[PDB]
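Engineer: Here come the first chain(s), positioned as in the complex:
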Amino acid sequence: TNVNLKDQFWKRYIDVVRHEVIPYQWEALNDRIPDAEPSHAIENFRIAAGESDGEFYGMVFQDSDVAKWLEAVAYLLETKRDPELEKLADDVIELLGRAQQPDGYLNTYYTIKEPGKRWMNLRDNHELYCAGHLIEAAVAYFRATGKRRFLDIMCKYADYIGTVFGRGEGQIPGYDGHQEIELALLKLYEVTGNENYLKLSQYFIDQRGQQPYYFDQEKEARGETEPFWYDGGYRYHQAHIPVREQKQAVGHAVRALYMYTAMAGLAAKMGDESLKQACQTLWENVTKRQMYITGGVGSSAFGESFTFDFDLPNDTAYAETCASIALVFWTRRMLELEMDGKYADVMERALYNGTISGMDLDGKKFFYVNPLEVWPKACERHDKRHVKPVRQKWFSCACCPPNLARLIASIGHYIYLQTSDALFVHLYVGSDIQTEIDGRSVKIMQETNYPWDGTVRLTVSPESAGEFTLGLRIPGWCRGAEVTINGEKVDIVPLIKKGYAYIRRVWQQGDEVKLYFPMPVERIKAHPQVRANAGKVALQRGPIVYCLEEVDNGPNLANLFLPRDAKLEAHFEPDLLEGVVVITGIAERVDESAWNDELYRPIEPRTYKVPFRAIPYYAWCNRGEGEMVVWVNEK
């Protein structure tokens, strides 16, 4: 399976990651950006390798920043070799190899700052989290370059971790306050075939939330008495009860979704039905009760967390970039657990909305928080101070960048899934794939202007003719999908199972499948239990959720009312925001001129008509500070 991107939309983002984002982060990691908060991330490994002097600096999880940058670089190298970039990575890798302790432990903070204090604060100090991120980078770097050095280093650490943690004699019955090692270990298993890694992942998941609480035991041993800052206590870490008894998403959103992603991978690999069902129950809870229309998750700044069903406020949303990325990871494992278009529908929602919303179109600035409603003046409220009205650079928790980079750079890995049963098309993205079906070589090409248009042309070319199944997602946002094969209509209705059309036939060289997904402008309504959206409507076209910005429509977007009957139109604007479809129509505003400086009046408001224009949510805040809303008042 090699996949080449051949589109406009994602190719532009990859180019931005390659030329702007990854190089800038490299400078930051090496403290060569004069105005920046220093990182010391590379320096810490130098000191640890005994090649430099100085004090540890930065956050306890600083090592993971280096990991994430390496992981993204790995993916970049799969789609364009660059010997200089590869050399930078190789040198960092050898440095990691020299900072690594003889027993396999690799952690700058506990090598330089608190030697000998390792494994005494898993609740807070992210040791396994950093190890997990480094494992992911090493796996990725191996798959991209064939070079095993980083993989070898990380297997030594993974083996050491296996000796330290478990239910055995002299082992710690522990796990990390921030999940990540569990999903990373699955990847390491997939590339090595070493079953210890699969079992260790299972151990960490099965042990979480067991009584007596591991976190209480280590806390006691540190002599710590203070109550945990987060009111829900261990719900923050989803360590309140065992994972199979968790029926609602709670706590910190990234933590949760990384945990779920591991649970879904383990359910698939182990055939564990109880875990599969837990995943499905959690999936339904997150995606049908605690998810924003943008694919954002996390409704409370305090703990960057889930709250509860249907509590999805737009102005105080957290919807962290990293959580939406984590949702994408989760969906991919859910798809391996069960082929249901609803998983890919979510993946696509996050991909085209609440992930990429996290960056400026040119990749120079980022959001941590992705709100669905902005009144900039109000961002001075204490309960809105997490909401930044414009994107910026970050430091300390500068994850928005190497985090988005690793997803965007690997976008090719999410388009297709080769199974022995079928070749599945999840995303409609100009691309090609060279794969093997029933031991035979098959080339598949997608040509499409998606997401701006719903027409997709798939050319299927097997090396020699042969029978196999092509599984095509029918997007849940779409009504009335149509399919033709070599110009002849095919009734897909009997071929559809759980949002995928299964097309099984003998394929010949140059066979052509045409897909047509109508993209009308839709008015989306939220379930009536979503109190924040009572009387409000969102615009969506294809997979893209739209928003209104002040720059196009004036201030006071709360005072814009979209009548039900207003006739909406869409058209392409090549020179706007890198080339986007915009949506236009006629709305109504209440007349303030008719107001008289009173605050409250018993009068019937007078309304006048205004043109409006809406643009894609992901593209907001590229034309200066201003109001923005997704959910607009109706009628």
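Structural biologist: Received, thanks. Residues are numbered from 1 along each chain as shown, chains lettered A, B, ... in the order given.

Engineer: any residues touching the strand or helix carrying residue A:284, and which ones?
Structural biologist: Using DSSP states H and E, residue A:284 sits within helix A:273-289. Outside helix A:273-289, the residues that touch it by C-beta atoms under 8 Å, 6 or more residues apart in numbering are A:243-244, A:246-249, A:257, A:260, A:263-264, A:266-268, A:297, A:306, A:309-310, A:327, A:330, A:334, A:337-338, A:342-343, A:346. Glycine gets a C-beta too; all of them are placed from N, C-alpha and C.

Engineer: which among those end up buried?
Structural biologist: Neighbour counting with 16 or more other C-beta atoms under 10 Å marks A:243-244, A:246, A:249, A:257, A:260, A:263-264, A:266-268, A:297, A:306, A:310, A:327, A:330, A:334, A:337-338, A:342-343, A:346 as buried within the contacts of helix A:273-289.

Engineer: Among those, which lie within strands?
Structural biologist: The strands in this structure, assigned by DSSP state E, contain residue A:306 from these.

Engineer: Take the buried ones among the contacts of helix A:273-289 and keep only those in helices.
Structural biologist: Counted as lying in helices by DSSP state H, out of those, are A:257, A:260, A:263-264, A:266-268, A:327, A:330, A:334, A:337, A:342-343, A:346.

Engineer: Against residue A:296, how distant is the residue positioned nearest the centre of chain A?
Structural biologist: Centroid-nearest residue in chain A, with C-alpha atoms, centre = their mean: residue A:325, separated by 0.9 Å. Using C-beta to C-beta, to the nearest Å, one gets 11 Å for the distance from residue A:325 to residue A:296.

Engineer: same question, residue A:231
Structural biologist: According to C-beta to C-beta, residue A:231 stands 22 Å off from residue A:296.

Engineer: just to revisit the earlier point, next, the buried residues of the helix holding residue A:284.
Structural biologist: By neighbour count on 16+ other C-beta under 10 Å, the buried set for helix A:273-289 is A:275-276, A:278-280, A:282-283, A:285-287, A:289.

Engineer: add chain B to the structure above, sequence below:
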Amino acid sequence: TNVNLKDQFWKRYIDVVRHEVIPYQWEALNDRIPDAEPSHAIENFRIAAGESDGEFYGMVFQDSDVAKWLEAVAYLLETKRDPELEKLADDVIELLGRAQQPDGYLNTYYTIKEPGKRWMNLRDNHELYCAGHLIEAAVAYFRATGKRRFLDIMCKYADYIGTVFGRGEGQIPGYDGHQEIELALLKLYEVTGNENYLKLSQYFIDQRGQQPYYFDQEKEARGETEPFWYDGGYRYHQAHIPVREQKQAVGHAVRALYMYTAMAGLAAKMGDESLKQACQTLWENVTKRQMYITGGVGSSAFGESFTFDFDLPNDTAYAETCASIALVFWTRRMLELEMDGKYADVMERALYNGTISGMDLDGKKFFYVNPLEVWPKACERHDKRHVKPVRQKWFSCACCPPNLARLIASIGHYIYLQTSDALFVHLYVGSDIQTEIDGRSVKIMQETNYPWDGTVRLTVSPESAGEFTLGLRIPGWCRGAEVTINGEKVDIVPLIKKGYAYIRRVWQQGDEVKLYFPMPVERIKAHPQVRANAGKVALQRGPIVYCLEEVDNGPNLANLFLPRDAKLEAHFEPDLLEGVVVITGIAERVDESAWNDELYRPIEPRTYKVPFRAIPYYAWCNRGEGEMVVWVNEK
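Structural biologist: Putting chain B onto the chains we already have gives this:
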């Protein structure tokens, strides 16, 4: 001027304060309530008088709780002598006299806990605030009983304070972090004629906010380096700039309104036009941009503070009971500065909505915070944790009670104002007053079922016939007010000036003025800049703002839509909530069904008709926990 209450509405509240609220607090102040947080408020004075041993206990402003209870008791004694209650007060008073230092200083914390450390932390430790509250209680107790002892004690302290603070040689150019002393000093001046008190008040106000900052000077002297916890710094205390440059309300709402109250009193008494204009500018800002329809003020829990113009969220409101009480105090001084009905309109709005909303109808439980929208489950959000979904008892900052008690108990003082050129009727409350106009003895009787009905009968009986002016407020909520004198209709339009009808004529014994204020059900709309209320409407009848509760309408009050043409009806329910007018009609809900557990859908919502019933805002949460909204979605 003697005023007797003869109504049902306020009389019931006064009885509750007299029989439940004041006696319960007396027990709490003496630590005789088993399952309460101890107060030690009386005990601290015992220790300070050398009549008991032990450590200081409680908040630095604990002394003010005793003061507020005494002040209320004073007002209770004006409307019904009670030798036992008077005895309790007299004993407390003699105790205060024995706790007082030889120089006049009276403060338990700086007598027992930090002897000699007085006046070193005016920013935080409330010394002048407690002195102020004690002064108010003494003034009130003198007016009520003729007993001067408490007054004599407090004059000694006030004189001492006058030697300590000022611009003179050896004086501290300081002022309290919590305003109060300034308005208290005006009251002491009014009852003693001692001009020092008036000038001292003027000094505290003129000094506030002058550079170099007093609070920085004392902070430095304490060796304190920590930044102030509130992000706006000295805006919290309204000490950021001089008062006559403050054009917006900012900071902590009670602090601000106590300051404004002093400013308005001084502008009147000193004839200071610059201060008058400053008060007017602030008045307009508060009441036309930063006030809730309930008379609540304070839109941010953090700092219990004002935010900025038109930021009035209903679900995260703070609208502290004490701030609404403070607004009432402010309006009374504004009325002395300028006879404008808009002042009394706000006074009335607070009195019948966001003050008495602070207690259960039987006076046993209280709110600190008065929200305008409640979803109880959501009160677990960190950004809503200040919102309690049911009333309770309080401890430490148990001000809601002795604070409401003092206002309710003194409600008679707010009904009329005698000036040398007119008798003004501000509030429509069954009552009578014996007063002197142009040296002539005049008796006036009001009979009315206000607020449930807008008909008022005033009987005017001068000792002998004579020409004078009666000023009658024409409520700003009203349209088509009518006035009839001895059965003949009078054209009031030419008699009205700034919301008061000036009726000047020769009055004879038994003259009858009938006022009729129509009370239709009104749909109130907020200025379009109020984002929170875009697309919403509030119901109001007479001075009373209405709300919907779950107990009458079912859950999910966000999913209730009030059509503009729905017919509304009002009628009296004698056995509901101590006897209230309710409002009824037909609203619409969106039908849950068409979602089928989806979260977001492109479907046209189906709506069905439901009955609704609205009750007075003040009377919400007397029938158990449940949803409540004031601002209802419109269709």
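
Engineer: Take the contacts of helix A:273-289 again, chain B included.
Structural biologist: Residues outside helix A:273-289 that contact it (C-beta atoms under 8 Å, 6 or more residues apart in numbering or on different chains) are A:243-244, A:246-249, A:257, A:260, A:263-264, A:266-268, A:297, A:306, A:309-310, A:327, A:330, A:334, A:337-338, A:342-343, A:346, B:597-599.

Engineer: Around chain B, which positions in the stretch 501-635 of chain A sit nearby?
Structural biologist: Residues of the stretch 501-635 of chain A found near chain B, taking C-beta under 8 Å from any C-beta of the partner chain as the criterion, are A:522-531, A:534-535, A:538, A:540, A:556, A:558-559, A:561, A:564, A:589-590, A:592, A:595, A:597-605, A:633-635.

Engineer: quick check, the residue nearest to the centre of chain A in a strand?
Structural biologist: No - using DSSP: H, G, I helix; E, B strand; the rest coil, the assignment for residue A:325 is helix, not a strand.

Engineer: Show me which positions of the strand or helix carrying residue A:22 end up buried.
Structural biologist: Taking DSSP H and E as the definition, one finds residue A:22 inside helix A:22-29. By neighbour count on 16 or more other C-beta atoms under 10 Å in any protein chain shown, the buried set for helix A:22-29 is A:22, A:24-26, A:28-29.

Engineer: For that helix, which helices and strands make contact with it?
Structural biologist: On a contact count with 3 or more C-beta pairs under 8 Å, 6 or more residues apart in numbering or on different chains; DSSP states H and E, helix A:22-29 meets helix A:63-79, helix A:400-409.

Engineer: returning to that earlier point: filter the residues of the stretch 501-635 of chain A next to chain B to the buried ones?
Structural biologist: Buried, going by 16+ other C-beta under 10 Å: A:522-531, A:534-535, A:538, A:540, A:556, A:558-559, A:561, A:589-590, A:595, A:599-602, A:605, A:633-634, out of those.

Engineer: For burial, what's the neighbour tally of the spatially closest residue to residue A:203 that is not a sequence neighbour?
Structural biologist: Once flanking residues are discounted, residue A:203 sits nearest to residue A:166: 5.7 Å by C-beta to C-beta, 6 or more residues apart in numbering or on different chains. The local packing of residue A:166 (other C-beta atoms under 10 Å in any protein chain shown) involves 18 other residues.
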